[PDB]
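Structure record follows, encoded as structure tokens.
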There are 2 protein chains.
Amino acid sequence: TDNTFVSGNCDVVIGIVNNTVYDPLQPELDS
Amino acid sequence: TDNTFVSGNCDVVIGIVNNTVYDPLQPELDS
């Protein structure tokens with residue numbers, strides 16, 4: 001999430017691909 | 001907080017206005 005920005009939806013961009021975007025706040029939830 | 005930067009106080013800038021700055025970390029800590 002720090003290296004990318006969320007804009008629009010996935011049905012707009014032409015050629016978009018699916019991949020897992022790492023979120024650094026998720027593993028911190030266990031604290 | 002990610003789209004803005006914290007500098008100085010509110011008594012310096014001329015024309016500053018009051019609003020609610022959304023912190024994405026609030027729902028993460030509550031969840």
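Chain labels A, B, ... are given in the sequence in which chains occur in the structure tokens; within each chain residues are numbered consecutively from 1, and ligands are likewise numbered from 1 in the order shown.
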**OP:** From chain B, collect each residue whose DSSP state is helix (DSSP H, G or I) and return the set as a PyMOL selection string.
**Re:** chain B and resi 25-30
Would you output that residue set with N, CA and C atoms, as a tab-separated table (two decimals), in the first residue's frame?
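Result saved to result23.tsv:
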```tsv
chain	number	residue	atom	x	y	z
B	25	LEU	N	-5.86	5.10	10.43
B	25	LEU	CA	-5.43	4.21	11.50
B	25	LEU	C	-6.50	4.03	12.57
B	26	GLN	N	-7.48	4.93	12.65
B	26	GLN	CA	-8.52	4.78	13.66
B	26	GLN	C	-9.32	3.50	13.49
B	27	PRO	N	-9.93	3.22	12.33
B	27	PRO	CA	-10.67	1.96	12.19
B	27	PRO	C	-9.78	0.73	12.28
B	28	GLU	N	-8.50	0.85	11.91
B	28	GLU	CA	-7.59	-0.28	12.02
B	28	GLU	C	-7.35	-0.65	13.48
B	29	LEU	N	-7.19	0.35	14.35
B	29	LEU	CA	-7.01	0.09	15.77
B	29	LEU	C	-8.30	-0.37	16.43
B	30	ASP	N	-9.45	0.10	15.95
B	30	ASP	CA	-10.72	-0.33	16.51
B	30	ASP	C	-11.09	-1.73	16.05
```
Subject >> Atom pair CA of residue 18 in chain B / CA of residue 6 in chain A: separation (Å) >> reply: 26.5 Å
Original post:
To one decimal place, how far is CA of residue 8 in chain A from CA of residue 17 in chain B in Å?
Top reply: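 So the answer is 29.1 Å.
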**OP:** Tell me, in Å to one decimal, how far CA of residue 20 in chain B is from CA of residue 10 in chain A.
**Re:** 29.6 Å
**OP:** Identify which of the residues B:21, B:14, B:9, B:2 lies closest to chain A, counting only C-alpha atoms when measuring atom-to-atom distances.
**Re:**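 The answer is B:2, which sits nearest to chain A.
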